[PDB]
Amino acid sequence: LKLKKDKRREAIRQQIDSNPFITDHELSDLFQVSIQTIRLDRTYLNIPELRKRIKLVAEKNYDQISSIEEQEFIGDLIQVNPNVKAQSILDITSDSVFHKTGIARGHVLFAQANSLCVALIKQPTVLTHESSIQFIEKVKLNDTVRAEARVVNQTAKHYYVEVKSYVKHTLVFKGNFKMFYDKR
């Protein structure tokens, strides 16, 4: 048997506090309850929908970055520790897919990744010098790609950044980035 409405809702607040980015689908699977029930529950709880929460959190992050302007950034910058790590979320719309197939275009995922690497480095001048990438799974129209970047090495002239991207906890894309920086 299932939780009483009240306890389901308490549990839903705890989940979202704990993961500000948890989806309604994830919440429905967790509590084994229709995706519509999740919506009514959030409404009752005064928790805004995922898009909004995502946009609220990201807005604060563009203040921490200096290499690229907010409106140039690809995706939503959900997390950033300058010079250490960062994450973005990007929805795949028809602009981003091949028209015959609905398969996401490679350069879109590369763009999300490259942008994130530029953004996480706290320098005036930050350019990508080299990159090698692997497209591990097809990404489809309407997917949401979470990219996660981290610095793996830092020399005097470069940062080496690894990016891994996911669609529902499935690794879809991996890349290595060699980033140049100077005090200018």
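Residue positions are given as counts along the sequence shown, with the first one as 1.
In this entry, the higher average B-factor at the C-alpha atoms falls on 27 to 35, of the pair 130 to 138 and 27 to 35. Checked against the record, the higher mean CA B factor of 113 to 121 and 60 to 68 lies with 60 to 68. Sort the chain's modelled residues by C-alpha temperature factor and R42 lands in the highest third, per the entry.
Ranked by Cα temperature factor within the chain, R146 sits in the lowest third according to the deposited record. Sort the modelled residues of the chain by CA B factor and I22 lands in the middle third. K100: CA B factor lies in the highest third for its chain, per the PDB record. Ranked within its chain, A11 lands in the highest third, by CA B factor from the PDB record.
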